[PDB]
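Chains as they are written, first to last, in the entry's author numbering: chain c, 1 to 148; chain a, 1 to 365; chain N, 1 to 76; chain D, 2 to 147; chain U, 1 to 76.
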């Protein structure tokens, strides 16, 4: 059951749509709720997409990640497992690894990930102190303007 | 481990054996703890930490913003999870707070009532733990990267203070006299350290790649000038005997005091003999550092094989001192690590970083 | 002494207490003159939620020292 | 000045504001703790939100640093509990006294301005959908204020 | 009937008002009583702005009540 999942994720991300097309996202929701190892398979798909060189594709992958984060708990544990790499790939904190083009999609990625990280700090910060560490590090060490 | 318990029980092995073997096992299983936290109070980074020598209870920390927190590591709560609440703090509102970064805070040895600190405001203040008031302040003509008090001297109370001038300063916490200076270095003095064994042996690291041991009683230079190749490339001491290839910015005598670990910007450690300055050729591999001030690091006590915990980029590296093997790489921080201090009592490690965090690593199981 | 326990509406309920009464006594007195049993009060004096075991002398309650009463509808 | 704070404390003890209460926490008269009962007919009904006032050394001519201690849901109040009133930073007026700044904060609990918000994440929700705002604020009040 | 308002200067003044009266006239009465402009008042009752285009009867205000006067503020 991995073929259809890789497919559906590919049409979701490669399309470059401004907003997630709803019914195939609902199919992803159902089939990701189906099994836990296959939810984590979707997580690896997202991680592999996020390294790839296009700001729109990274935006789609991050928005899927946010959907699963707000929707799944084992996903929250799994992503906080490597929140450091997640921040390196989303926020572009390291100057040696900035975000791909285009500039508009990269800016939208920055805004969306800042606000999603704010929401995650508010909602799941206490249950995941490593998320609190990441939020604090972004807010002081990197001086990310959360008011922007 | 039941074998060790039975062996201790029937008197076969000395209790020392179980004690040291278990301490080594705990340090080998060291890992970050989400079952413990240290409250975030520093605006900027944490430059230094020093658990108190006796009873291992309190814990200072010199923030890069000039605030000297004073934690309390005892789990006064009842739950398994707790946070080390900050008892006191020399906040910016304090009348005598440090104006710039505090880079060394050390407890006054043999007396937890006082503790000392020093900052880029060219000042070294003697703080009273109880009322939090400066007992004595010494103003220098230049910044103060690092200072250290003898952890063994019951006779004197001098304080080596490595300023960014070429001259090591010795400040006396008894009747004030910073007149005594040790000349012989050529550039800034990024890290000094008294000998834990001998009263009057001071090892000072500089930014010109020289590590010198001074008998402060002697007033005619230094005993030794460490040299990489043990005199193989013999040359008179005018531009030779360089303990590193770049700045050397960290010293830490082993617990016994028999060996002087040095780490420098050439990305190497070297376990120098502390009596004749002969490099013992322990490899240690390549250790990454690029800091431009005093890099703090400590060495385990009460374990079978002595470990060294060196800040390695944004991670703590755990090497075995006398073999050079890399035990592991503790990995939990978000910026470069500036200071890790070992809690000898329970084999716990507190590592302040530049991201305002103080991550307390503890053993597993 | 007299403490006048004024609620949100501005009604200023008068109360009398000895200087050493435990605040549970204060809530009980409020029950008699106002009708809210002690479980549903949260007395706030000068910005400190009074705790049900402290004696009134702890807070330096004097004559005519106005408290504040706020309803905790749950109130166990 | 202390005498200003002394007079404020006395005239507050005598004639307190209705749904406000502030008094020194200990020996230092410059560090008050206050308490804003949630105004009626609002999502904050029945709530008791504790502030923490800090008067400067020239209090009449320089605002006091008030900051919520009870985590309040509000576009104008960050999760750290800091407020951004204009009266309290820019347009501070000596005539305004602590009984008045507390009451003004109480009024502003029901009259936010998502334009120029201290927390844009909540400001967007407030501006778009006020129905959800009155539920999230209600649950925050119930889980912090009661 | 009349109403109490607590001006900014510590004093208290009583306003002769009717429930049908609008808040704009209330602020004008505050003006000619002591003289801070209609724009700068911000009347507070039970922690609520008294909107200019409304009347006392809207806000459930009765005799011997109290209105609080402050200086105009804004969000942030």
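Cβ coordinates follow ideal geometry from the N, Cα and C atoms, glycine included.
So what does DSSP say about residue i, is it helix, strand or coil?
| i | result |
| --- | --- |
| residue 22(N) | strand |
| residue 318(a) | strand |
| residue 59(U) | helix |
| residue 4(U) | strand |
| residue 339(a) | strand |
| residue 60(c) | helix |
| residue 135(c) | helix |
| residue 2(D) | coil |
| residue 41(a) | coil |
| residue 329(a) | strand |
| residue 282(a) | coil |
| residue 259(a) | strand |
| residue 58(N) | helix |
| residue 205(a) | strand |
| residue 64(N) | coil |
| residue 176(a) | coil |
What residue range does the beta strand (DSSP E) around residue i cover?
| i | result |
| --- | --- |
| residue 6(N) | 2-6 |
| residue 269(a) | 268-273 |
| residue 146(a) | 144-149 |
| residue 154(D) | Residue 154(D) cannot be examined here, being either before or after the span of chain D that is shown, 2 to 147. |
| residue 171(a) | 168-172 |
| residue 29(c) | Per DSSP, residue 29(c) belongs to no beta strand (DSSP E); it is in the alpha helix (DSSP H), 22-34. |
Using a C-beta to C-beta distance shorter than 9 Å, which residues of chain U count as neighbours of residue i?
| i | result |
| --- | --- |
| residue 14(D) | Here the premise fails: no neighbours, minimum Cβ distance about 14 Å. |
Near residue i, what residues of its chain come up, given a Cβ to Cβ distance below 7 Å and the 5 sequence neighbours on each side ignored?
| i | result |
| --- | --- |
| residue 114(c) | 144, 146 |
Apart from the five residues on each side of it in sequence, which residues of its chain come closer than 6 Å, Cβ to Cβ, to residue i?
| i | result |
| --- | --- |
| residue 57(U) | 19 |
| residue 4(N) | 12, 14, 66 |
| residue 138(a) | 124, 171, 178 |
| residue 194(a) | 148, 150, 202 |
Residues in its own chain within less than 8 Å of residue i by CB, not counting five upstream and five downstream?
| i | result |
| --- | --- |
| residue 31(c) | 1, 4, 5, 8, 38 |
| residue 111(c) | 148 |
| residue 102(a) | 47, 48, 62, 63, 64, 66, 67, 68, 117, 118, 119 |
| residue 126(D) | 133, 134, 137 |
| residue 23(N) | 43, 50, 51, 52, 53, 54, 55, 56 |
| residue 230(a) | 278, 279 |
| residue 288(a) | 267, 312, 313 |
| residue 301(a) | 255, 342, 344 |
| residue 93(c) | 87, 138, 142 |
Grab the span of the alpha helix (DSSP H) containing residue i for me, first residue to last.
| i | result |
| --- | --- |
| residue 19(a) | 15-28 |
| residue 88(D) | 87-90 |
| residue 10(a) | Taken as a continuous stretch (DSSP letters only), residue 10(a) belongs to no alpha helix (DSSP H), as it is neither H nor E. |
| residue 30(U) | 23-34 |
| residue 121(c) | 103-124 |
| residue 79(c) | 74-80 |
| residue 6(c) | 2-14 |
| residue 140(a) | Here residue 140(a) belongs to no alpha helix (DSSP H), and DSSP marks it neither H nor E. |
| residue 375(a) | Coverage of chain a is limited to positions 1 through 365, which leaves residue 375(a) absent and any answer about it impossible. |
Counting only Cβ pairs nearer than 7 Å, list the residues of chain D close to residue i.
| i | result |
| --- | --- |
| residue 38(c) | In chain order: nothing, as chain D lies at least about 32 Å away. |
| residue 48(U) | 40, 108, 111 |
| residue 115(c) | 122 |
I want to verify the contact list: residues of chain c whose CB lies under 7 Å from the CB of residue i, in sequence order.
| i | result |
| --- | --- |
| residue 121(D) | 147 |
| residue 37(a) | 129 |
Taking C-beta pairs closer than 8 Å, name the residues in chain N that residue i reaches, listed in chain order.
| i | result |
| --- | --- |
| residue 33(D) | 47 |
| residue 17(D) | 6, 66, 68 |
| residue 102(D) | Chain N residues near residue 102(D): none, gap ~13 Å exceeds 8 Å. |
Which residues of chain N have a Cβ atom closer than 9 Å to the Cβ of residue i, listed in chain order?
| i | result |
| --- | --- |
| residue 22(D) | 44, 45, 46, 47, 48, 66, 67, 68 |
| residue 147(D) | 42, 72, 73, 74 |
In chain U, which residues lie with their C-beta within 7 Å of the C-beta of residue i?
| i | result |
| --- | --- |
| residue 77(D) | 75, 76 |
Just the chain N side, please: which residues come within less than 7 Å of residue i by C-beta, in chain order?
| i | result |
| --- | --- |
| residue 36(D) | 44, 47 |
| residue 27(D) | Simply none; closest approach about 11 Å. |
Using the beta-carbon of each residue, which ones in chain D are nearer than 8 Å to residue i?
| i | result |
| --- | --- |
| residue 119(c) | 122 |
| residue 10(N) | 19 |
| residue 56(U) | Per Cβ cutoff of 8 Å: no residues; residue 56(U) is ~16 Å from chain D at best. |
Output, in chain order, the set of chain D residues within a Cβ distance shorter than 9 Å of residue i.
| i | result |
| --- | --- |
| residue 122(c) | 80, 122 |
Kindly list, in the order they appear in chain c, the residues whose Cβ is closer than 8 Å to that of residue i.
| i | result |
| --- | --- |
| residue 338(a) | Within chain c, no residue comes near residue 338(a); the closest Cβ sits about 12 Å away, beyond 8 Å. |
Complete beta strand (DSSP E) runs within the segment 35-95 of chain D (minimum length 3 residues, chain order): 49-51
At 4 residues or longer, and completely inside the segment 59-133 of chain a: list those alpha helix (DSSP H) runs for me, N to C. none
Enumerate, from N- to C-terminal direction, the unbroken alpha helix (DSSP H) stretches of 4 or more residues contained entirely within the segment 91-144 of chain D. 99-109, 121-129
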